[PDB]
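This is the structure, below, for whatever I ask next.
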Amino acid sequence: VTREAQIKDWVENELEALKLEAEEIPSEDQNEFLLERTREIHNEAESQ
Amino acid sequence: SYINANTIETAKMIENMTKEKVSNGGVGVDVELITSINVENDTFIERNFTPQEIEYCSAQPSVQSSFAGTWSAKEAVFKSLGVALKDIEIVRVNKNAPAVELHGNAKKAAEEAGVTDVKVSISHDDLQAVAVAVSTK
């Protein structure tokens, strides 16, 4: 339960960091970039 | 095969938080793992979820995933305002965006902060529920 709380925190900080990396990406490639990079986060949260 | 429905839903939600889409308002991101929701623990549910939510959630194919969707939305709204969770109530209906409406101290603290509209996007699958609340003044 303690570790399942730390994992939730780690997904929030990675969705925040994703948003910040996506700000700089131009507004045509921004869809593809979030789709690839969101899946990668789902995976790293399942893994954990 | 690689980009399932939950990845599309959750990229849309992250896309609508960029400065060009919406800016100058309270932004609250909250994720919950669905395994953190015990639906058997009736005390946690009754204390933090209204009877309209409980009857909507419990009619779904994955009760646990839907309750986590709601709980993520409530905590996403509370982070957006910036101030128990019973007060915030998420009115979700099928294939439509859910509406937020406040009741108790949350409604008071929304008039104190001067918040008119609170929109909330939700996505939930088998692992986690992600909610993004945008509170425009």
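Chain B is numbered as in Swiss-Prot, which gives 1743-1825, 1833-1886 for the residues shown.
Method reported for this entry: electron microscopy, 2.8 Å.
The backbone N, Cα and C atoms fix where each Cβ goes, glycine too.
These came from Swiss-Prot, pasted as-is:
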{"type": "BINDING", "residues": "B:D1772, B:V1773, B:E1774, B:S1872, B:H1873", "note": "Mg(2+) binding site"}
Taking the center of the Cβ atoms of B:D1772, B:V1773, B:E1774, B:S1872, B:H1873 at the recorded Mg(2+) site, which other residues in this chain have a Cβ no more than 8 Å from that point?
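What remains near the Cβ centre is B:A1810, B:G1811, B:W1813, B:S1814, B:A1815, B:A1818, B:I1871, B:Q1877, B:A1878, B:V1879, B:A1880.
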Within the chain of B:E1774 (Mg(2+) binding site), which residues six or more apart in sequence place their C-beta under 8 angstroms from its C-beta?
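Correct list: B:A1810, B:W1813, B:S1814, B:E1817, B:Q1877, B:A1878.
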